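The structure appears right after this line, and notes come after that.
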Amino acid sequence: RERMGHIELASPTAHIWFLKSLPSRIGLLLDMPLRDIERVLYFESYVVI
Amino acid sequence: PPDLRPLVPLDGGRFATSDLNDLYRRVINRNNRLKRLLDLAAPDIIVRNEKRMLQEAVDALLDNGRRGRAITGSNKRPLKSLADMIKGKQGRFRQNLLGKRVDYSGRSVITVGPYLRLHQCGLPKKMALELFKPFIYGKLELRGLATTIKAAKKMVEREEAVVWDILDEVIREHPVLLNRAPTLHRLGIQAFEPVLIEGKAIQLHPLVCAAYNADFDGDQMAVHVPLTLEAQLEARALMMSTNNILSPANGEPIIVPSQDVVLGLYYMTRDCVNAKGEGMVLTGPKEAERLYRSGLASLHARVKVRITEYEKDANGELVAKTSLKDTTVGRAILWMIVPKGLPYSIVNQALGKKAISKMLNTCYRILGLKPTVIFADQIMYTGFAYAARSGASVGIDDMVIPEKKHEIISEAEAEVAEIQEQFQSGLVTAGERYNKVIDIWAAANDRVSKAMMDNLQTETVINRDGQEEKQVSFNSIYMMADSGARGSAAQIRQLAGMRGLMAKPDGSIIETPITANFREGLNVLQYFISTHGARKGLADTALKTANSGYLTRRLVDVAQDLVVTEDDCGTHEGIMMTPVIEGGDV
Amino acid sequence: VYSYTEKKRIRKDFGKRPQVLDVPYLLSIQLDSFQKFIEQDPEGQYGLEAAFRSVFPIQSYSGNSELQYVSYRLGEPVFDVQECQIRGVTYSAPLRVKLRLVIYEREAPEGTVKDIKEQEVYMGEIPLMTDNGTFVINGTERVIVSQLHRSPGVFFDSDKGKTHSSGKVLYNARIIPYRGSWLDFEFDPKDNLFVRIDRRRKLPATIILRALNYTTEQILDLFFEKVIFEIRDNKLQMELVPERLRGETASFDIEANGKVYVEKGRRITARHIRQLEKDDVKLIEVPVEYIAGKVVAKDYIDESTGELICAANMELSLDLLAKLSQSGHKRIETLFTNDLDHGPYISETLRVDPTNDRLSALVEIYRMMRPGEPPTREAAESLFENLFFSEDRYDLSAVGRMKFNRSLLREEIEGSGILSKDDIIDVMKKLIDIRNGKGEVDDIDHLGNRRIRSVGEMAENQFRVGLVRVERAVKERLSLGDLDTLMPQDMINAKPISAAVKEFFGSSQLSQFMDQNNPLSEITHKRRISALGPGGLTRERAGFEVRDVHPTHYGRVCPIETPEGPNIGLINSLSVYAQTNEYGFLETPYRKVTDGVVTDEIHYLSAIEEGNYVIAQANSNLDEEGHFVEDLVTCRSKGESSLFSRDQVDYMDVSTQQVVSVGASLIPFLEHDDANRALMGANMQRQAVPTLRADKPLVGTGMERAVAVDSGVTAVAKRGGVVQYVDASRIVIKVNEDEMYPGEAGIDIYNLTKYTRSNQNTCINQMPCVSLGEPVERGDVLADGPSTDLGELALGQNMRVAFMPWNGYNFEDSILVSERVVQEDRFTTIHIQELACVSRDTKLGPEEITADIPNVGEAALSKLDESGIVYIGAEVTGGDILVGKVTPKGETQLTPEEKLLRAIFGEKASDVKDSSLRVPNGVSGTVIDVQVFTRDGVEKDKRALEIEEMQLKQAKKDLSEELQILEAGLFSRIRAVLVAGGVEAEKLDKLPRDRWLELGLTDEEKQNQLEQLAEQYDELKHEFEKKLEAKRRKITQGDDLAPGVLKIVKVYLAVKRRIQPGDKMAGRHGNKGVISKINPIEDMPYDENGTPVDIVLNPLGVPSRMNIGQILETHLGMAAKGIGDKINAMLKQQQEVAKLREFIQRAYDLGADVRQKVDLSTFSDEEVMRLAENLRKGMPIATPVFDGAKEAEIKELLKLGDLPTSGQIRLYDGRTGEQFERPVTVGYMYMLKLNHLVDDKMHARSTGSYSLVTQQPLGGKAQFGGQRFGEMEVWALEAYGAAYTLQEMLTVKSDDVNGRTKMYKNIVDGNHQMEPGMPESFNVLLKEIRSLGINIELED
DNA sequence: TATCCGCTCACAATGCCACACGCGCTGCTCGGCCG
DNA sequence: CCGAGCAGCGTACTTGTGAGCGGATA
Ligand SMILES: [Mg+2]
Ligand SMILES: [Zn+2]
């Protein structure tokens, strides 16, 4: 009941609550609107770093 | 962990599955396909679609909320994820920490117990045996009867005679916790000493129900046990019924007597002008009770009696003075219940609801609380006894109809007829016609109600060394209404006299009242208008209980964030209290 | 004349108004609805022919292949209703439809089709209702409540108050079809009109109008008027009409024809209008500032350059006026604007429209319809014409068109089921007028706008919902199926037709099992009107305006009957005389009142026709020959009571009961109690439970003779005759010769139902009420069903009741009952619980019902039979094995030799798991019946063989009675045949002819008649044998149970529950309560004669809860007993029949001007004795709901006996033995035991099982579960102290799995100390939050 | 460019109890598979 | 046997309140 496990993801995935919390935290942390973040995450556009 | 998503093998082809496991399987499938795809050097579009599917599965299992797309069988709402399992009315923060199920409890209907004291309540035999199994087990292990726990279980299931005294021992001073289904304030949960009663229902003290607002139309109350020395002593100290007499909102006692006892005491105190034993003399309350039990004198008769009243001085002294009063036999008999603290003028009245309420208030303020509970218990006992011995009963002839009621109705009809004639002639309009008929009908209703009221407080005459002497009406319905037991003035007014004006679907007043009363046959359209007006009033309660519950919820949400911890701060700021004299006088 | 059931015990009635229309069939609503469903209806009307002529035929994608329809027929019921309830199958019938497939070759626009295939196919089965209007789906008998929704058509709502917080009234016109998409024209706080479809985005109506082949010019000339501004030589003249200038002040000099009329600043009044009209003037002198404020209607393109200069919907300016004057356009068409006559709403709506042509309008509207997917003008117009102009997504039925035409002042009443452009034009005109002030808004709380739908309509709707799917399937199948493929059999499919109808009848918010606990409950459950469900308002999102009752519900909807709780006013009961209209409305019978006489003719008025006429009152005092006793009478013109004369009256009420429902009409003295108490009693009288011996109600309402008969609980005589064979289980009726069938007739056999389980676990049983030789009439009652007495509804029991406080045992609502009631077996009922155990087909071997249960005591096995099922009539108290269910767990292929050896020698059966079902703990009772059903192919056990042999023997007894009757008839015939040879007959045919039909002499006629009779005999024998074999094959065939099961075993436990302190009982006037305790007879009060009162109530609850009628009832009850008492004093002491007849006549001839007027001289002086025997226990008195008896009638009835006039008798205390002063009233009251007895409420749990997902105790009584500690209880605890108490109640006793064990161990040895520990659920949330990215960590 | 206003979206609605009944994108086809 | 594509078609609006995102005119 208390012991847990872990899934090793080969691709790191960002949390959903930091995107659709209205407002989002990453949206205010990156100074970027939620639309650009959603279009980048869902594999439609790129963004420089 | 798998325990929080259990998969028990259900009987038959049907299986008890958890939905989170489907999302887990989906995300594991997508993760495995991603791990296998990136090793064969797949091009960009396939691995990108795979990563997109993995991210979609992740953001779906974390929370199942979309714009308008929801996958589910027939509930018209999608499957609950862990986030949805945390939120909602059925979520963790509302279903598994706020309200939880507790064991060692019971639920049964309530029944009136008039013999039990205020500090105790009834409890069924089977419920008592079920709610105290380990106490009986431990007491049997303490004695040389039950060797093992299985032996004690076989004994208590065998239902022999040597287990009943053990129950009486373990329920001698072990208070239980009674609870009403809706708990508006703290009084919805109290503590009571249980007494074994034979049957299958929970016997409750009659007076304490007012604290729960629990009628006896089939209310199902719950019962719990402390099961802890600390909890037992707490229930005996604070949550006990005797320790809670004053309402948390107002300093007025929640121990106000009910309708039966106040009716009995009003009958015992209401005196006529001529009866058996009129104008005689007695030497004390005990001799008066003996004279009443022998039947030589009536219950109520103006008799000069001698009593001894105790008055409290500035210190804790109680000076006794013997005085000859001129009161009725009922008050002198009831004086045996009043302790020495209260004076005699507190009972030299008709003892209405407010009268006995202020009597209990003064008794608690003067003598404290220790004798106040016994005083109230004896009040209820004597009230029930003398109400049973009286024989109060409402009949079809007890409600007198005014003689000139028909004449008043005819006058109002002639007035409305001439008003309608003036309206048809073109002198007055329709709005002024309505405004002039409403007040006419209101005045007629007021006149007929005053006539009925003065006709109810009369007709009770009897020869008292003379020919005719008017006195307080001994009528049953008047004794029930004027005493404030159950009926009010408006209720008896609309019952005996005309009901008056009614409402309309818009909410305003219809220009035609109900010229009939309950004692007479109501026309079908009159009853239709009345039930139309009453259905709204009935539905308000059902549509308001949930709003009041939600309001109480919000109020306790904003509240319960503080406790008193400091004795004094050393400030001087405050508010300037003044009586509210705005509008009217005060 | 009086029926024979009335001659057995005639009920004394009251009232002075004689009824004119008899009480109709109580179940006529659902019966008529179902009869209008399954029947050959021409012209494709309601039922099934609508779905056959509105859907069929079907054509492929121009494939020249059509599927026609000819007719449909209902198959015979595959099972009897009794066998249906037994086996749990659906009481349904097949649907054999003769379809016609016509297919032709390609390249034929209208080529003559060939190879017609007319084939009958079976497409699904339809459930049928019995003669009681109940559908037996799966064992239980469910019903369909008639829903109440909004009638299809238009409505004009007035939104105000909290609408946009603007304080401006808004008018919205909602067009709602019968089946399709909605439409709504709405307004804003501004002057802008908009349109919307199914609560979509707000769009102007100009674009949705232009999409229907319209232009701006047509818009303005259809909506607005025409204003003419001409370009004369000068002054820009303009045509004047004296009616338009009303309300507007003259901004210039109103003068013309060289005669001044109005100055500048003076309004034109009606007298000025007449003065200007008497001159007949049109043209005046108007300045430029007047036209410079108007707006040009149409586009005025130039002719010199060919370019538009002044576009539409543009106010005229200096440049525009100069251009229109210099171009050469003299005629100027402008629109009119006046906020009091025609408010500007088309100009602004046109100028806000972004589109200008029909094409782009469709594109924008489609972009609104579905986001994205822009069509190249292909899907836009098609979707727009399919959502509102196609019969595929718009099924506005005849009632919709009727409401549409009636609302718009249209003279016609019919039309098409499709919308139209001019209809939208008219409804928008009506909205504009209702905004300007012309008209009134249509309220939604009016029965004229609220239409009811019965079971037939929703059944047809679900049939169509399945038929559209079968049509899609058959179209996708025929879309490529060429000529000569197959017969039209596999082209159709059973699913989802059967699936849809089964899910509709079984699983819906309205298809519900009916409460089989009271005949009155049954009558009031079928005559129910619901507003929830499909197309209904939810109970959690409703307003206070729908819960209230409208004055239009007079005689149509009962206002005093509604369930108390969340759904108040939403669930109503139908009136007694109420009927459904053709369109679906509610009509009420009335009497047509002529100028002088009130003709006794019935007219069914509708809700819309209410305000048209005026209705007289029911209890209006009238003289003979139809004349009112007073000129000034009370009536109602238009939903409002008033006073009219004896000439303005046009219609009269039919009876005084048409307002009250059938449920509340059984409450006597209903005109003497408040609406609240009567409403509470109406919901309680429905929840009555029948006792062992039902007692007739003394204070009846006359309706008891109907509810008991109109229901399906009483065996009604279909054909009158003489009762030949009486039996506690069956009744045989010999049909009289007058109504007997002229060929191949016999006798009727009514098989009563014994103690069987009902839907509420209430013992339902039928008992006979006639004996041998007693002649019965057609329609008369034959056997009393549950809660009935001699063809009369007997819900509860009458008892002696007093009204006095008794030591507080009647404190607030509690009742005190004497021990006499529990001693006399009065309020004891029977509860029949059904326990079912199924032998599912599991892996590792199937499950068995063997009896060799291992690891169990022999005393536990002693109750089972040789098969493994307990015997019939065995008592069980605690959890005991009553079925031998075992489940294999280990090795399979158990050899039969070793299998039987295990029961003799060696080891036991290990692979069992002891899965045998037992009764729950606490519940007791005696098993009375067993029910077993097997899967097809599985061999039955011996108990199934026994029960099928029992039912086969019952059928054998019935068929043998029939056979012996017919055989005795045929042998009397053969005696009459060979009677010519009488000597040989009497000598060698007395004893042996019953088996020696073989005879012959004088062949010429004797042989012919003998061979004909032998033919008849052999044919009769063969037919009886065939019927017997069919019955046996029907009762012996296996039944499908479930996928993966062997057999199901059902048992019935019938426990007799008596009255005890804790049960809930109530009268019939809302005086409910709980029984306080049982007192002995010596402790209860008693009169001076020595008769102790059985029940004493609280006389304090009468004044506040104003129900005085019951008191009246009580008094009346006393009077009744008095008569009975006298009858007893006339029966115990042997008295001549003359004195008895005289007394009965004096009783029935009470001076109250009653319409009864019975005569005792017409009786046979023998039935009078039976009647007096039936009256010795009381005199059943009937009183109307509003024509009831006055006080003087009860006074004189009491005077008839030796009872006191006041009704109050001095009572002596049982305990002390003294006299109670203030004489208490005492009488007879009819009371009921509610279905809330204590035996299903009291429950307690010390330690039981815990839930698997959370370590918390269980809940409920069926399982061993404790109560729940609510959050408000936590608040109450926090209000007090009790930190340790709350920690114990919440953590150790509830959640801590390691704490409750330690606490139990500390309690079982005397250690009162707990440990807080850590809550598992707290740790559960701790884990989940830790598992989430938002983790946590405990600190020091 | 600000700022009152309108359009769009998210969140609420049993507070408790008892009893009873019952399942709405999967079906079909083509790349990859360790006790 | 498992995972990805192929396919006909497959997947709350009642009223009230608070918050965010434009949005149109000075
Ligand atoms: Mg209650
Ligand atoms: Zn302070």
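Lettering and numbering for the structure tokens are positional, with chains as A, B, ... in the shown order, residues counted from 1 in each chain, and ligands counted from 1 in the shown order.
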
Practice prompt. Please return, as number ranges by chain, all residues of chain E lying within 12 Å of chain C when only C-alpha atoms (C1' of nucleotides) are considered.
Written response: E: 8-9, 12-16

Set out as a Markdown table a contact list for chain A and chain E with a cut-off of 12 Å, giving each residue of chain A that qualifies its closest atom pair and distance in Å to one decimal, counting only C-alpha atoms (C1' of nucleotides), ordered by chain and rising residue number.
| residue | atom | partner | partner_atom | distance |
| --- | --- | --- | --- | --- |
| A:21 | CA | E:20 | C1' | 11.9 |
| A:22 | CA | E:20 | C1' | 8.1 |
| A:23 | CA | E:20 | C1' | 8.3 |
| A:24 | CA | E:20 | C1' | 11.8 |
| A:33 | CA | E:21 | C1' | 11.9 |

Selected residues written out, C-alpha atoms, as an mmCIF file, in the first residue's frame:
data_model
loop_
_atom_site.group_PDB
_atom_site.id
_atom_site.type_symbol
_atom_site.label_atom_id
_atom_site.label_comp_id
_atom_site.auth_asym_id
_atom_site.auth_seq_id
_atom_site.Cartn_x
_atom_site.Cartn_y
_atom_site.Cartn_z
ATOM 1 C CA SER A 21 -3.900 26.451 -14.440
ATOM 2 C CA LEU A 22 -5.463 29.677 -15.815
ATOM 3 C CA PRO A 23 -3.184 31.416 -15.614
ATOM 4 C CA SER A 24 -0.248 29.077 -16.210
ATOM 5 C CA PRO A 33 1.633 33.270 -23.867
#

Please extract the residues of chain A with a backbone DSSP assignment of helix (DSSP H, G or I) and present them as a list in words.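 So, restricting chain A to helix (DSSP H, G or I), we get residues 25, 26, 27, 28, 29, 34, 35, 36, 37, 38, 39, 40 and 41 of chain A.
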
Computed gap from CA of residue 839 (chain C) to CA of residue 1045 (chain C) is 5.6 Å

### Query
How would you write, as a list in words, the set of residues no farther than 10 Å from ligand 2 when counting only C-alpha atoms (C1' of nucleotides) and all ligand atoms?
residues 564, 565, 566, 567, 568, 569, 570, 571, 572 and 573 of chain B

Selected residues written out with C-alpha atoms, as a JSON list (two decimals), in the first residue's frame:
[["chain", "number", "residue", "atom", "x", "y", "z"],
["B", 564, "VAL", "CA", -9.13, 32.05, 21.92],
["B", 565, "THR", "CA", -5.58, 31.84, 23.25],
["B", 566, "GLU", "CA", -4.83, 35.16, 24.97],
["B", 567, "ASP", "CA", -6.38, 36.31, 28.23],
["B", 568, "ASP", "CA", -6.04, 40.05, 27.59],
["B", 569, "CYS", "CA", -4.31, 42.36, 25.12],
["B", 570, "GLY", "CA", -4.29, 45.66, 27.02],
["B", 571, "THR", "CA", -6.16, 47.81, 24.49],
["B", 572, "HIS", "CA", -9.03, 50.26, 24.87],
["B", 573, "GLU", "CA", -10.61, 50.52, 21.41]]

In terms of only C-alpha atoms, the residue from A:28, A:48, A:19, A:10 at minimal distance from chain B is A:10

- Name each residue within 10 Å of ligand 1, counting only C-alpha atoms (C1' of nucleotides) and all ligand atoms, as a count of residues only. 13

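For chain D, the residues no farther than 8 Å from chain C when using only C-alpha atoms (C1' of nucleotides) are residues 13, 16, 18 and 22 of chain D.
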
Counting only C-alpha atoms (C1' of nucleotides), chain B residues within 6 Å of chain D, as a PyMOL selection string = chain B and resi 73+181+546+549

Within 9 Å of residue 667 (chain C), counting only C-alpha atoms (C1' of nucleotides), which residues show up once you throw out same-chain ones fewer than 3 positions away? Write them as number ranges by chain, please. C: 663-664, 670, 678, 681-682, 685, 699-701, 1068-1069, 1185

For the residues in the current selection, export N, CA and C atoms as a compact mmCIF listing (two decimals), in the first residue's frame.
# COMPACT_ATOMS: atom_id res chain seq x y z
N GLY C 663 -56.20 9.89 -5.84
CA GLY C 663 -55.48 9.55 -4.62
C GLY C 663 -56.04 10.26 -3.40
N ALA C 664 -56.23 11.57 -3.50
CA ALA C 664 -56.69 12.36 -2.37
C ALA C 664 -58.21 12.37 -2.22
N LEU C 670 -62.55 16.40 3.15
CA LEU C 670 -61.40 17.09 2.57
C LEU C 670 -61.60 18.60 2.52
N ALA C 678 -53.48 17.78 4.13
CA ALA C 678 -54.04 16.92 3.10
C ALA C 678 -52.96 16.44 2.13
N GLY C 681 -50.98 13.76 3.89
CA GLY C 681 -51.74 12.53 3.96
C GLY C 681 -51.86 11.83 2.62
N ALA C 682 -51.92 12.59 1.53
CA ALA C 682 -52.00 11.99 0.21
C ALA C 682 -50.74 11.21 -0.13
N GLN C 685 -51.04 8.01 2.44
CA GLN C 685 -52.04 7.02 2.06
C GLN C 685 -51.58 6.16 0.90
N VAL C 699 -65.64 5.54 7.37
CA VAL C 699 -65.91 6.85 6.77
C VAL C 699 -65.34 6.82 5.36
N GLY C 700 -66.12 6.29 4.42
CA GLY C 700 -65.71 6.21 3.03
C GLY C 700 -66.07 7.45 2.24
N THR C 701 -65.61 7.47 0.99
CA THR C 701 -65.86 8.59 0.09
C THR C 701 -66.60 8.16 -1.17
N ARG C 1068 -55.40 9.73 7.91
CA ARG C 1068 -55.57 10.16 6.53
C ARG C 1068 -55.68 11.68 6.43
N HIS C 1069 -55.31 12.40 7.48
CA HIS C 1069 -55.36 13.86 7.49
C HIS C 1069 -54.01 14.45 7.88
N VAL C 1185 -66.18 14.52 -1.45
CA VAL C 1185 -65.03 15.34 -1.11
C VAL C 1185 -65.44 16.79 -0.87

Counting only C-alpha atoms, which residues of chain A fall within 10 Å of chain C, and what is the closest atom pair for each with its distance in Å at one decimal, ordered by chain and rising number, as a Markdown table?
| residue | atom | partner | partner_atom | distance |
| --- | --- | --- | --- | --- |
| A:1 | CA | C:1324 | CA | 8.4 |
| A:2 | CA | C:1327 | CA | 7.1 |
| A:3 | CA | C:1327 | CA | 9.0 |
| A:4 | CA | C:1331 | CA | 8.2 |
| A:5 | CA | C:1331 | CA | 9.4 |
| A:6 | CA | C:1331 | CA | 9.3 |
| A:14 | CA | C:1333 | CA | 9.8 |
| A:15 | CA | C:1333 | CA | 7.7 |
| A:17 | CA | C:1333 | CA | 9.9 |

How about saving the chosen residues, N, CA, C and O atoms kept, as a PDB file, in the first residue's frame?
ATOM      1  N   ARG A   1       0.801  -1.217   0.000  1.00  0.00           N
ATOM      2  CA  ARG A   1       0.000   0.000   0.000  1.00  0.00           C
ATOM      3  C   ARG A   1       0.836   1.270   0.000  1.00  0.00           C
ATOM      4  O   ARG A   1       0.380   2.297  -0.515  1.00  0.00           O
ATOM      5  N   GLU A   2       2.045   1.228   0.561  1.00  0.00           N
ATOM      6  CA  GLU A   2       2.887   2.408   0.678  1.00  0.00           C
ATOM      7  C   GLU A   2       4.085   2.407  -0.258  1.00  0.00           C
ATOM      8  O   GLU A   2       4.529   3.486  -0.662  1.00  0.00           O
ATOM      9  N   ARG A   3       4.616   1.240  -0.609  1.00  0.00           N
ATOM     10  CA  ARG A   3       5.767   1.169  -1.497  1.00  0.00           C
ATOM     11  C   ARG A   3       5.331   1.432  -2.933  1.00  0.00           C
ATOM     12  O   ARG A   3       4.308   0.910  -3.386  1.00  0.00           O
ATOM     13  N   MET A   4       6.107   2.239  -3.645  1.00  0.00           N
ATOM     14  CA  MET A   4       5.798   2.643  -5.008  1.00  0.00           C
ATOM     15  C   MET A   4       6.900   2.182  -5.956  1.00  0.00           C
ATOM     16  O   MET A   4       7.903   1.591  -5.550  1.00  0.00           O
ATOM     17  N   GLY A   5       6.696   2.465  -7.240  1.00  0.00           N
ATOM     18  CA  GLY A   5       7.682   2.163  -8.259  1.00  0.00           C
ATOM     19  C   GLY A   5       8.034   3.386  -9.079  1.00  0.00           C
ATOM     20  O   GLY A   5       7.843   4.516  -8.620  1.00  0.00           O
ATOM     21  N   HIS A   6       8.542   3.182 -10.292  1.00  0.00           N
ATOM     22  CA  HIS A   6       8.908   4.305 -11.143  1.00  0.00           C
ATOM     23  C   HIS A   6       8.979   3.846 -12.592  1.00  0.00           C
ATOM     24  O   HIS A   6       9.443   2.740 -12.879  1.00  0.00           O
ATOM     25  N   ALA A  14       6.792  17.504 -19.619  1.00  0.00           N
ATOM     26  CA  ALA A  14       6.422  18.565 -18.697  1.00  0.00           C
ATOM     27  C   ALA A  14       5.032  18.314 -18.124  1.00  0.00           C
ATOM     28  O   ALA A  14       4.186  17.668 -18.748  1.00  0.00           O
ATOM     29  N   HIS A  15       4.805  18.833 -16.922  1.00  0.00           N
ATOM     30  CA  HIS A  15       3.525  18.644 -16.262  1.00  0.00           C
ATOM     31  C   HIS A  15       2.438  19.467 -16.950  1.00  0.00           C
ATOM     32  O   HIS A  15       2.693  20.524 -17.534  1.00  0.00           O
ATOM     33  N   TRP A  17      -0.407  20.656 -15.338  1.00  0.00           N
ATOM     34  CA  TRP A  17      -0.990  21.678 -14.476  1.00  0.00           C
ATOM     35  C   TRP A  17      -0.250  23.003 -14.581  1.00  0.00           C
ATOM     36  O   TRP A  17      -0.849  24.062 -14.365  1.00  0.00           O
TER      37      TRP A  17
END
